[PDB]
């Protein structure tokens, strides 16, 4: 994909309604169905401490950045075949840009 910085204020609303059910962003934050996302950018996949991932998410070994995250969030199951989740993706590019703008700051 091709990320363009958007609205982190809209990104925070999108995280609450589309991600927060399964994830947290705070340092030391708890894992829910999905892993806590603190430090996700600039780190390889399957490395949230204390979270047990599928072989698919571990074997992907993607170094998370703004662009591959955008591609991933479009359809996680297409990007990482074998990943297990009741999530189909964030289809609108504007949403992905807004979400990632917020996420880059929230997980820092």
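Think of the rigid core as the biggest set of C-alphas that the two forms share within 1.5 Å after superposition. Residue numbers count along the first chain shown, from 1.
Superposing on the core and measuring CA offsets in 4 other deposited structures of this protein, the stretch of 14-22 and 84-92 with the greater mean deviation is 84-92.
When the CA B factors of the chain's modelled residues are split into thirds, the value for residue 83 lands in the highest one. Sorting the modelled residues of the chain by their CA temperature factor places residue 52 in the middle third.
Placement of the Cα temperature factor of residue 92 within the chain: highest third of the modelled residues, per the deposited record. Sorting the modelled residues of the chain by their CA temperature factor places residue 74 in the highest third. Sorting the modelled residues of the chain by their CA temperature factor places residue 62 in the middle third.
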